[PDB]
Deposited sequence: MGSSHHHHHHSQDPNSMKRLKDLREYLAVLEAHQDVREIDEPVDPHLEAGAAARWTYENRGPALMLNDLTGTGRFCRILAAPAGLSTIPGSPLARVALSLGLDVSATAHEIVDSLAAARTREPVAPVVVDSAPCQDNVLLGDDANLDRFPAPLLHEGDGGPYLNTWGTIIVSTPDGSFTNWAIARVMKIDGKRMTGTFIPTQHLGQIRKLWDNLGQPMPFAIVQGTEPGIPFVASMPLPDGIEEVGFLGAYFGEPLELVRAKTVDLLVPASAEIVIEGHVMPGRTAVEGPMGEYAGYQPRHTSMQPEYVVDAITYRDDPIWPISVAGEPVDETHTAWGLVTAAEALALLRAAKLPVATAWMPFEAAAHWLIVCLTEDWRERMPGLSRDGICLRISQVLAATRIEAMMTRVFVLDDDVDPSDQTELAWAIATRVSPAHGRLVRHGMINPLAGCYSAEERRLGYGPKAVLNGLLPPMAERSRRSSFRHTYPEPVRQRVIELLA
């Protein structure tokens, strides 16, 4: 019973119905103002913004800010994430990660190729395919230049055409025909590029902006080597994604795109050969920084869903997994089922944390996990207060800590300059599991400490 939104226009019409998108008709400068407007929106939990008029390009190309920021919908802060993933506006943190992890146990669904798509209604080729026709937002004061890709998907195939990877990575503008980005060897973009460099040939690419809202979530997901994002998207929604042939390169791109940038990566510079776009195009942006933005609501969230799927595939009794937004995607919380001891009869609390550390260490997400807290499932790790309370009251100030040293996230802040320079530092697994305890010995709150007739009577007097 999924409610898949098929393009960005549908996504925006749903947000508009819930009063969660605002149109700005006054001119906004892509030089710092658009980025500042996005930050204000994330930090104040404002509606997503449609910037209808940008200095330099006017009303030609709109900008969507905070596409998956925290929502204004009352009682539903995850509504943009939930709607993007075809779920109810009020889907909980656990329902979201559980729906993604459930799709990892399903067979991939091959996409379908359509003859035409709105993303090719306007086609710019040759000298007309120039990025100077579109906004070039300078998102933060100290950036090296305009970041053209922050929320769009980069599409590349291996030379044999047997495998296609979709990924979100930052791409900076050099000039009207050229862009650049960093190609990390631990990422699938970098791995695929090394195959094109070995054959001494430019790698064809496509960057798509403003696709259906579910695509950037799966493009940020650290799926295993050899699992295509498009097949996973298909298994997740229970139907094939519709793709259209790119105009100047042998690649298939989402037919739901607002804009398609096509070209080749030279031996690392992206060279633009064609730009295609649908009428009145919308270019979404994501302005990374402190909590809470799409680094947290999309990347950290889909990473938690992948961790949940990997831990369950190792037969661990994991109720849920979550990357708390307030910890800026530095932490993973792993919650065990109440009956984990019945399910894993041979391990102590320390033993199951050792096992979790061993399983996570064998995966491609292990370097991101600066800290993993292992807790009981009477804690909602998406509830900031309950999570902080559980860590303070259940994790020993000294013991129950398992430290591993190895590869680290170079963007994580909790490392010394020497650890960053070596790319070698500590990652911890912290044990916050309790011994077997009665509910009333580990809780003291309205829901957990009073009989149902007493709570009912209080609710009738006060609610």
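**Student:** In sequence order, name the stretches of the deposited sequence that have no C-alpha in these coordinates.
**Tutor:** Holes in the chain trace, numbered from 1: 1-15, 283-305.
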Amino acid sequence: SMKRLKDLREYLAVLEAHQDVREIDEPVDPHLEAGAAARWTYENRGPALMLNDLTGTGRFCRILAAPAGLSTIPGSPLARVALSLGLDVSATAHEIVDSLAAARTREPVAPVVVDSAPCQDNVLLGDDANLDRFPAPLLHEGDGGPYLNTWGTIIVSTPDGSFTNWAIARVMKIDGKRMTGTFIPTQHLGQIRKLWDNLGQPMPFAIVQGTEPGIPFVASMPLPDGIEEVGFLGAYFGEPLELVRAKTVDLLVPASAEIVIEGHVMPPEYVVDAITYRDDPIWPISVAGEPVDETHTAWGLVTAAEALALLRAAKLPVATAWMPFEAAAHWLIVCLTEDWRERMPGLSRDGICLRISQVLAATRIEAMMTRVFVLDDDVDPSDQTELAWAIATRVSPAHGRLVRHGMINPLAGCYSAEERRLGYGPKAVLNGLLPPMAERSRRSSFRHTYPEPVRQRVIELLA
From here on, numbers count along this sequence of modelled residues.
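**Student:** Test of understanding: from the entry's C-alpha B-factors, which stretch has the higher mean, 92-100 or 139-147?
**Tutor:** Averaged over C-alpha atoms, the B-factors run higher in 139-147.
**Student:** Of the two stretches 48-56 and 396-404, which shows the higher Cα B-factor on average in the entry?
**Tutor:** It is 48-56.
**Student:** Highest Cα B-factor in the deposition, which of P74, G351, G210, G86?
**Tutor:** Highest CA B-factor of the listed options: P74.
**Student:** Sort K194, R371, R364, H296 by C-alpha B-factor from the entry and give me just the highest.
**Tutor:** By C-alpha B-factor in the record, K194 ranks first.
**Student:** Mind checking which third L434 falls in for C-alpha B-factor across the chain?
**Tutor:** CA B-factor rank for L434: middle third.
**Student:** Taking the C-alpha B-factors as the PDB entry records them, is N165 in the lowest, middle or highest third of its chain?
**Tutor:** Answer is middle: the recorded C-alpha B-factor places it there.
**Student:** Among the modelled residues of its chain, does the C-alpha B-factor of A328 lie in the lowest, middle or highest third?
**Tutor:** Answer is lowest: the recorded C-alpha B-factor places it there.
**Student:** Relative to the other modelled residues in the chain, which third contains the C-alpha temperature factor of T186: lowest, middle or highest?
**Tutor:** Middle third - that is where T186 ends up once the chain's C-alpha B-factors are sorted.
**Student:** Sort the modelled residues of this chain by their C-alpha B factor and say whether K247 lands in the lowest, middle or highest third.
**Tutor:** Highest third.
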